[PDB]
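Undergrad: experimental structure and sequence below.
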Number of protein chains: 6
Amino acid sequence: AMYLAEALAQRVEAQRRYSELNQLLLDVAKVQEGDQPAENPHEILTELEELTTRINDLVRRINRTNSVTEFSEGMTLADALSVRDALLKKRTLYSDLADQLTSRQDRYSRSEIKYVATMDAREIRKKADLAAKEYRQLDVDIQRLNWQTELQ
Amino acid sequence: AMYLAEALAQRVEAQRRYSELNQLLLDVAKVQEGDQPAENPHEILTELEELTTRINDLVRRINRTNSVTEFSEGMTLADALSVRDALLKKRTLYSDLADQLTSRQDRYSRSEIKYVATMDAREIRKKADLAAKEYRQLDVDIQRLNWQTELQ
Amino acid sequence: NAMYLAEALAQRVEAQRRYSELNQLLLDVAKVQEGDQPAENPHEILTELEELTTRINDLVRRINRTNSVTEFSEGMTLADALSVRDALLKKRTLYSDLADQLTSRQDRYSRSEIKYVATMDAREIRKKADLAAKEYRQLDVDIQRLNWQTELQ
Amino acid sequence: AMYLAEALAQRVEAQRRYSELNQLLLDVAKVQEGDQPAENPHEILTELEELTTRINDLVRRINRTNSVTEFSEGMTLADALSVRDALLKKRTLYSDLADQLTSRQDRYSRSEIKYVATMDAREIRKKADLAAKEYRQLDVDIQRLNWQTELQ
Amino acid sequence: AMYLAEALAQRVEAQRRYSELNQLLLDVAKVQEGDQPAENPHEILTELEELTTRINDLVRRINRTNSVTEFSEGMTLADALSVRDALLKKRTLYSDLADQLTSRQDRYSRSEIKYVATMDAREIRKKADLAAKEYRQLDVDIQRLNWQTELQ
Amino acid sequence: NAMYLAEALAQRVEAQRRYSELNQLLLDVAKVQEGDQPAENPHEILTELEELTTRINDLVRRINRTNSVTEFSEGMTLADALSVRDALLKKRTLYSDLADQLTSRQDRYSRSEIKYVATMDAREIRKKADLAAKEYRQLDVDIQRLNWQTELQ
């Protein structure tokens, strides 16, 4: 048992190993006629099935602690995690809108007519710049809590 | 307030609308000199920012209820949801492995190095067929609970 | 304002991102339709950037200082540990590439009628990688922890 | 033991050898039936693992001395090194901006939407020309110090 | 007046500026009807002609001092500079030869005319590895001398 | 054997040509049909080359020395004149490119309906080139002459 932050790291590593072992397995699922396989399939397969039951553990555990650890007044960490996702979705939105009012937009390859922004880019960028500050604050606050919380 | 199943539907619809309004906004964000907005950007933008705060509500709520309703002896619905994911990941695994063992590459010379199943496909398919039955049982059991549970 | 070294690393990252983004904007906006003005004011955007720069360069300098002054373990500064971590990655990458070159370059390999042979036990290489990987992750995590209980000098 | 400048050179050579041995190893990692290793893999592998622990030494040493040698009033050499990087980043910035203001793209009708400089390139080039002089001074001052400093 | 090392740096910068001004000039040499010179051609041209007479000075000076400064027993720095070039030419030679002996290209039938090394690559690599050590020593010794020598 | 500096310049050129050529041969011959021997013996060819190298490097060193020691004119070594000649070429190239960029980039230029304008009198530039060209040729010839009445140190 350990801190929730440590757990998030382990999950990541495991799913990486899984993805990698998963790859190996397939390559090694067919072999040069004459001989044997670089590693042993049946062995690699079990190595993987073991990661699986191991990963699935961290997830449920991580899940339970997220939804039980208090992040702030009336907000579980699970609640804050999803607000963070939403803030990103939101930042992406304004950023795309803005540079669509200016960037790939203010190209006029050859025309005898002008292009026009239907909204104020100056304003949109502000709205994005804001949603960005908020994301980063929340993210950092969460990373902090992650590192001072015991995995249930 | 309503049943958790109804909530899952609403989320889906909203994110679809969002994606769609998101699209519209961008198309409508430019123009040339003398046309008009075919729909009003600033209006569509607010329509969207309203979906956002709404979606984010259903999510937190859906989240909260998943992690609080009993699915079975010592298993929250949040716990069962992630097992279901794992079972899919797992079924995909065996299925790919299997049809990779029954994958041919026809060669033209008997004197050309053949590859051969390093494993018994019959066995793998069983393992997949099993992981598939399990997924479907869990999924159905979850769909049932979803429909007899009040969204917190 | 002063804070933890972890927070500082985050701020650097954000700033260089903004910089890269502002840098982009500036260029797009450096020419404009004959009639109008810039969607955003160049000279303004330029100063916004030159301000990030002197900011960023501050965090770096500070981050640098504290890395080379906080101790990570018996006779190892954090700067020392940071570079060991880099080396461990370099190392893990090495064995991983070598291994799947002993196995991968095998199956999508043949269409001819001679066998392909490996000049080393892939089983062994993978161990060596698997090891270098565990070590990376330990060090990384240990560093992330220290990062979060250290005041930026 | 030697001067910091000499150390910088050795690092560079080693990483070059490494990259080169790394290459060789891979080429030499396979074969068909009755060949031979152009050189011996297991040998080449150790040659490499030895460079690694060697390089990693110079780095740790170079690092230490950079962050301990005084470059000027209140500035370590490590501090100056990063200013130099920043000055380059900066010079690049103005140079790109400038020749993007003098980059020219020409139309067919005089009735075609022209973009035109949004800034006095004359000014930008000055700012670049300046950031360039500063880079070179710092760089030279650093190269100097590098050659009259004992590697810790 | 300064150290020969500083002079080498200045040459490099100048030829870079030259190349860059040279570029600008050409871009700015034309236009359609009612434009303007991003910068002033005739001005830029003189800026350049001034670098030229400046560069040509450093070269003549650098040249003189190289051929007058003693590098070692019976060797001017000019002599050492050309040995260093030769050592590089030489290192390149053996490196190319070697990885041309370990360059591998594989056939289909075992009944297909194989080429095989015509030399012990092991040996060639040694000869390269040696020519490489020698280059680096000389180079470093030269960089050193460069930094403790007054430009004539 | 000792000779005139001109002869030496010729020998350098020939040698580097042979070198380049031998260098080529070596590589082609570095692998051979499984059955046979090399059309020419590698190890032999390799030494032939290593011998040119120590030869060449001699002429260079010697040529170098004599260039920086024979006088070309009042206060100008031949090494000094050699580099002025390089500069004059660099210079001639400059004006020539600028000029035909003021004129050439004009005719194969248009398919549209706006005129192209030059920001400088091509007439003037060509003069400046034409001049730098005369100077190059004078210097070059003067050097070629000196080269032929000078003993290689």
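TA: On my side now, so go ahead. Residues are numbered from 1 along each chain as shown, chains lettered A, B, ... in the order given.

Undergrad: quick check: residues of chain A near chain C?
TA: Residues of chain A lying close to chain C by CB under 8 Å from any CB of the partner chain are A:5-6, A:9, A:13, A:17, A:23-24, A:27-28, A:30, A:32, A:34-35, A:38-39, A:99, A:101-103, A:106, A:108, A:114-115, A:117, A:121-122, A:125, A:132, A:136, A:139-140, A:143-144, A:147. The way it works is simple: take the backbone N, C-alpha and C, and place the C-beta from them, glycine included.

Undergrad: filter those to the buried ones?
TA: The neighbour count (16 or more other CB atoms under 10 Å in any protein chain shown) marks A:5-6, A:9, A:13, A:17, A:24, A:27-28, A:30, A:32, A:38-39, A:99, A:101-103, A:106, A:108, A:115, A:117, A:121, A:125, A:132, A:136, A:139-140, A:143, A:147 as buried among the residues of chain A next to chain C.

Undergrad: got a list of what residue A:32 touches?
TA: Applying CB atoms under 8 Å, 6 or more residues apart in numbering or on different chains to residue A:32 gives the contacts B:113-115, C:106, C:110, C:115-116.

Undergrad: close enough to count as contact, residue A:62 and residue A:10?
TA: No. Counting by CB atoms under 8 Å, residue A:62 does not reach residue A:10; the two are 9.3 Å apart.

Undergrad: still on that earlier bit, which of the residues of chain A next to chain C fall in strands?
TA: Secondary structure assignment by DSSP state E places A:30, A:32 of the residues of chain A next to chain C in strands.

Undergrad: filter the residues of chain A next to chain C down to just the ones in helices.
TA: A:5-6, A:9, A:13, A:17, A:23-24, A:27, A:99, A:101-102, A:121-122, A:125, A:132, A:136, A:139-140, A:143-144 (DSSP state H).

Undergrad: most centrally placed residue in chain A?
TA: The residue lying closest to the centre of chain A (CA atoms, centre = their mean) is residue A:85, at 9.1 Å.

Undergrad: next to chain D, which bits of chain A? Give me the list.
TA: Proximity of chain A to chain D, by CB under 8 Å from any CB, involves residues A:108, A:110-115.

Undergrad: which residues make contact with stretch A:45-60 from outside it?
TA: A:7, A:10-11, A:14-15, A:17-18, A:21-22, A:25, B:79, B:82-83, B:86, B:89-90, B:93, B:97.

Undergrad: just the CA trace of it, in PDB.
TA: What follows is stretch A:45-60, C-alpha atoms only, in PDB (Å, rounded to 0.1, in the frame of the first residue of the first chain):
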ATOM      1  CA  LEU A  45       0.400 -15.000 -22.300                       C
ATOM      2  CA  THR A  46       0.400 -15.700 -18.600                       C
ATOM      3  CA  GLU A  47       2.700 -12.700 -17.800                       C
ATOM      4  CA  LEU A  48       0.000 -10.600 -19.400                       C
ATOM      5  CA  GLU A  49      -3.000 -12.200 -17.800                       C
ATOM      6  CA  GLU A  50      -1.300 -11.400 -14.500                       C
ATOM      7  CA  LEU A  51      -0.800  -7.700 -15.400                       C
ATOM      8  CA  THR A  52      -4.500  -7.600 -16.300                       C
ATOM      9  CA  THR A  53      -5.700  -8.800 -12.900                       C
ATOM     10  CA  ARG A  54      -3.100  -6.500 -11.400                       C
ATOM     11  CA  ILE A  55      -4.000  -3.400 -13.300                       C
ATOM     12  CA  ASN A  56      -7.700  -4.000 -12.700                       C
ATOM     13  CA  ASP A  57      -6.900  -4.000  -9.000                       C
ATOM     14  CA  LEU A  58      -5.200  -0.500  -9.100                       C
ATOM     15  CA  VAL A  59      -8.100   0.800 -11.100                       C
ATOM     16  CA  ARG A  60     -10.800  -0.200  -8.700                       C
END
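
Undergrad: can you give me the buried ones in that stretch?
TA: Neighbour count says stretch A:45-60 has A:45, A:47-48, A:51-52, A:55-56, A:58-60 buried, by 16+ other CB under 10 Å.

Undergrad: repeat that for stretch A:125-139.
TA: A:125, A:127-129, A:131-132, A:134-136, A:138-139.

Undergrad: ok, it near chain B or not?
TA: No. Stretch A:125-139 stays clear of chain B (CB under 8 Å from any CB), getting no nearer than 9.1 Å.

Undergrad: and if you look at stretch A:63-80?
TA: Yes. Stretch A:63-80 reaches chain B (CB under 8 Å from any CB) through A:63-64, A:67-68, A:76, A:78-79.

Undergrad: now do stretch A:86-94
TA: Yes. If you take CB under 8 Å from any CB as the test, stretch A:86-94 does meet chain B, through A:86, A:89-90, A:93.
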